[PDB]
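> pasting the structure only:
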Ligand SMILES: CO[C@@H]1[C@H](O)[C@@H](OC)[C@H](O[C@@H](C)[C@@H](O)/C=C/C=C/C=C/C(=O)[C@@H](C)[C@@H](O)[C@H](C)[C@@H]2C/C=C/C=C/C=C/[C@H](O)C(=O)/C(C)=C/C=C/C(C)=C/[C@@H](O)/C(C)=C/CC(=O)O2)O[C@@H]1C
Ligand SMILES: Nc1nc2c(ncn2[C@@H]2O[C@H](COP(=O)(O)OP(=O)(O)NP(=O)(O)O)[C@@H](O)[C@H]2O)c(=O)[nH]1
Ligand SMILES: [Mg+2]
């Protein structure tokens, strides 16, 4: 069978994410040979098969980046050995923590323009400090040097740095088989209306086991609706039951396109519940993190993002604080206008007109 | 006196970007940081962002108001836990309480006075503790604001009530000022900044709008020229016309910075 794991590049803009991806395949293909629908790439180390997806490192193109970050069980941080860590480098990492991403491997790209050794130690220290701050095992995170461009054509030396990297893919990243054994849960990515079949919603199974023929519990944005699972199909082929970690579709006999919408949660009848007012910790992004530039107060009306949907909520900070600055991280209460399914231990994010505001976890639900 | 590791390190710490780019621009300045910073801004590749001497240490900032005399200080500890063990956090108050009552602007006096309890606390907590600096501010109506433990701020005025003096302190802690009005800006600062804006290159028709960018900069480094934080739709030099007042002085303390008179 040979187990396979979804991975992908990640990091600051044009540090060399795509060119590394080209390098990894080209090298692994000329070396050996013998669950993702987005524009991806595939290569095989003698240990595992790998489903790799490149993401753009621009601050604006964090759209399919987060989508990709969710699916990958391991991220390949691309940091320029020259420029070093940049806002998006740490932007991606923190977002990585919020959106799963079990493990992380760093690739010091563009290492062919660094003669000064002391400069290599500085960026490695700075990088390793970043993910150590954003709740990632930085102090013992594999950081591989070398170049992607020089590894692309010829150079058995720079090609070895790629094989080295891919070696850590098998070494550092373990088998992410652990997922189910808990109540079912799934976010909605899109709502389609087929004239022959009916109405099939999409989305990756976050956790739990879904079998064709069971009930559901549509929770989110509007009312707590309930239907029945008519069938589950992947890509184009059918499916008997269903396994978590994969991304499929579920039809609902009686529910059409106008009845259900993107961002809701399908779960086991009596597990998760919708809320508008919640308790949270909330970190706040700074300038070096590509976040807020000016401080805000108790009159803030931004755009909150939960799972696949986004809600507009207010603020309510504890009696003792009156201002939040780009870099703060104080626990507080937010009241949303739309009820969204949540529980104790949900990582979300806040955004407002390009500038990605901070992100925190949900302490306890309320109303 | 050439290129060291800690040299290019700090330059980036006050730049925000370009690791290897720093050393390249630094070696062009033959080792001088401020010359490099000028050249980097005049290169049209730096969004200013000059943070003067970022020490990036860890400690506490405490303040205490007392009618006309207000004393603020900085006490550097070790880990973030040391700053919140309530023993050292109260120790700093002990230093503050005797500093305010003694009205000390000479930090060396506080050193010897509390060197006894310092070593006694250091040996008890196992953490190296030090009192960095302390300054004072005289004014009619004082007001302080403790934005956490890292940042504190003292603001004195004449005419603003008990609430108005606090809201101004929050702005000082937020939008880091450096002067009151655009008028009281040192010509040494203006001229050296003038060479930066002027070196950005229309002939003799873009020079006049560049000197106009100075007028936006003078409001940016000031406080009356700076826009409010609670409502940036208006400045501040038009906000002292509320209860008819005027700011006397400003003091901003952050764990780090310094090395400047
Ligand atoms: C055949 O026709 C049709 C179609 O073509 C077929 O599709 C190929 C289709 O095939 C089906 C049968 C079936 O095989 C196809 C199934 C398809 C499944 C698709 C699944 C996915 O996209 C998933 C990865 C995503 O949603 C995934 C959950 C999503 C992906 C979500 C990405 C969100 C991006 C938002 C970014 C903001 O600008 C932002 O600036 C910002 C900072 C936001 C904050 C984000 C955070 C912090 C969220 C967390 O709260 C969290 C943990 C989020 C995780 C999350 O929600 O991941 O059938 C149709 C009928
Ligand atoms: N010398 C050298 N140049 C490199 C290396 N990796 C990338 N580059 C250069 O970096 C530029 C952008 O490369 P690219 O791979 O597109 O970066 P990216 O991370 O994919 N960009 P994005 O994520 O926005 O799509 C190109 O000019 C490329 O030559 C490297 O290892 N060495
Ligand atoms: Mg790319």
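Arrived safely, thanks for sending. Numbering: from 1, shown residues only, chains lettered A, B, ... in the order given. Ligands and ions are numbered 1, 2, ... in the order given.

> every contact and neighbour count from this point should use C-alpha atoms.
OK.

> let's verify residue 162: helix, strand, or coil?
Reading this off chain A. The local conformation at residue A:162, judged by DSSP: H, G, I helix; E, B strand; the rest coil, is helix.

> wait, I meant chain B there
coil.

> quick one: contacts for it?
B:141, B:143 (Cα atoms under 8 Å, 6 or more residues apart in numbering or on different chains).

> does stretch A:298-311 come close to chain B?
No: for stretch A:298-311, no contact with chain B is found by Cα under 8 Å from any Cα of the partner chain; the gap never falls below 9.0 Å.

> end-to-end on that stretch?
18 Å (Cα to Cα, to the nearest Å).

> go on, stretch A:169-189?
End-to-end distance for stretch A:169-189: 29 Å, by Cα to Cα.

> ok, residues contacting it?
A:3, A:5, A:45, A:47-48, A:73-74, A:103, A:105, A:142, A:201-210, A:243-245, A:261-268, A:271, A:307-308.

> ok, residue 109 - how many residues close by?
Let's take chain A. 25 (other Cα atoms under 10 Å in any protein chain shown).

> oops, chain B please
Neighbours around residue B:109, by other Cα under 10 Å: 12.

> now the helices for chain B?
B:5-13, B:19-28, B:33-42, B:88-102, B:107-113, B:115-125, B:164-174, B:187-198, B:207-221 (DSSP state H).

> give me the buried subset of the contacts of stretch A:169-189.
A:5, A:45, A:48, A:73-74, A:103, A:105, A:142, A:201-210, A:243-245, A:261-268, A:307 (16 or more other Cα atoms under 10 Å in any protein chain shown).

> burial check on residue 52, number of neighbours?
All of this is about chain A. Neighbours of residue A:52 using other Cα under 10 Å come to 25.

> nope, chain B
Other residues close to residue B:52 by other Cα under 10 Å number 16.

> leaving out the residues flanking it, which one is nearest to it?
What sits nearest to residue B:52 in space, not counting adjacent residues and going by Cα to Cα, 6 or more residues apart in numbering or on different chains, is residue B:257, at 6.5 Å.

> any idea how far that neighbour lies from residue A:353?
To residue A:353, residue B:257 is 32 Å away according to Cα to Cα.

> more crowded one of those two?
residue B:257 (14 against 8).

> which residues touch residue A:100?
Applying Cα under 8 Å, 6+ apart to residue A:100 gives the contacts A:69, A:70.

> residue contacts, the closest residue to residue B:80 other than its chain neighbours?
Closest residue to residue B:80 apart from its sequence neighbours, by Cα to Cα, 6+ apart: residue B:58 at 6.8 Å. Shown in contact with residue B:58 (Cα under 8 Å, 6+ apart): B:76, B:77, B:78, B:79, B:80, B:255, B:256.

> count of residues packed around residue A:154?
11.

> could you do residue B:89 as well?
Neighbour tally, residue B:89, other Cα under 10 Å: 19.

> may I ask you to confirm that it is in contact with residue B:77?
No: at 9.8 Å, residue B:89 does not count as touching residue B:77 under the criterion of Cα atoms under 8 Å.

> quickly list what's touching both of those two.
B:60, B:83.

> count of residues packed around residue A:115?
Residues lying near residue A:115 (other Cα under 10 Å) number 9.

> can you report phi and psi for it?
phi -80, psi -40 (degrees, to the nearest 10).

> state the distance from it to residue A:81.
11 Å.

> burial-wise, tell me which of the helices of chain B comes out on top.
Neighbour counts (mean count of other Cα atoms under 10 Å in any protein chain shown) averaged over each of the helices of chain B peak at helix B:164-174, with a mean of 22.

> for the closest residue to ligand 3 within chain A, give me its contacts.
Nearest residue of chain A to ligand 3: residue A:56, at 3.9 Å (Cα to the ion). When the contact criterion is Cα under 8 Å, 6+ apart, the partners of residue A:56 are A:10, A:13, A:17, A:62, A:65.

> out of the residues you listed, list just those in strands.
residue A:10 (DSSP state E).

> okay, now the domains of chain B?
B:1-52, B:53-139, B:140-261 (curated CATH domains).

> re earlier: out of the contacts of residue A:56, which touch chain B?
Of these, not one also sits near chain B (Cα under 8 Å from any Cα).

> which one of the contacts of residue A:56 is nearest residue A:299?
residue A:62 (26.9 Å; Cα to Cα).

> residue ranges for the helices of the stretch 1-150 of chain A, please.
Listed in chain order, the helices found in the stretch 1-150 of chain A under DSSP state H, counting those that start in this stretch are A:17-29, A:63-71, A:87-98, A:117-133, A:149-152.

> next, format these as a markdown table and append mean neighbour count.
Listed next are the helices of the stretch 1-150 of chain A as a markdown table, based on neighbours: other Cα atoms under 10 Å in any protein chain shown:
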| stretch | mean neighbour count |
| --- | --- |
| helix A:17-29 | 21 |
| helix A:63-71 | 21 |
| helix A:87-98 | 23 |
| helix A:117-133 | 17 |
| helix A:149-152 | 20 |
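
> okay, those in TSV with distance to residue B:226 next?
Converted to TSV, the helices of the stretch 1-150 of chain A look like this (distance: least, Cα to Cα, whole Å):
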stretch	distance to residue B:226
helix A:17-29	41
helix A:63-71	35
helix A:87-98	26
helix A:117-133	33
helix A:149-152	47
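
> now those as JSON lines including distance to ligand 1?
Output for the helices of the stretch 1-150 of chain A, formatted as JSON lines (distance: least, Cα to the nearest ligand atom, whole Å):
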{"stretch": "helix A:17-29", "distance to ligand 1": "19"}
{"stretch": "helix A:63-71", "distance to ligand 1": "4"}
{"stretch": "helix A:87-98", "distance to ligand 1": "5"}
{"stretch": "helix A:117-133", "distance to ligand 1": "16"}
{"stretch": "helix A:149-152", "distance to ligand 1": "30"}
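
> would you format those helices as TSV with distance to ligand 3 included?
Converted to TSV, the helices of the stretch 1-150 of chain A look like this (distance: least, Cα to the ion, whole Å):
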stretch	distance to ligand 3
helix A:17-29	4
helix A:63-71	10
helix A:87-98	13
helix A:117-133	20
helix A:149-152	14
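
> quick revisit: ligand 1 is nearest to which of the helices of chain B?
helix B:164-174 (24.8 Å; Cα to the nearest ligand atom).
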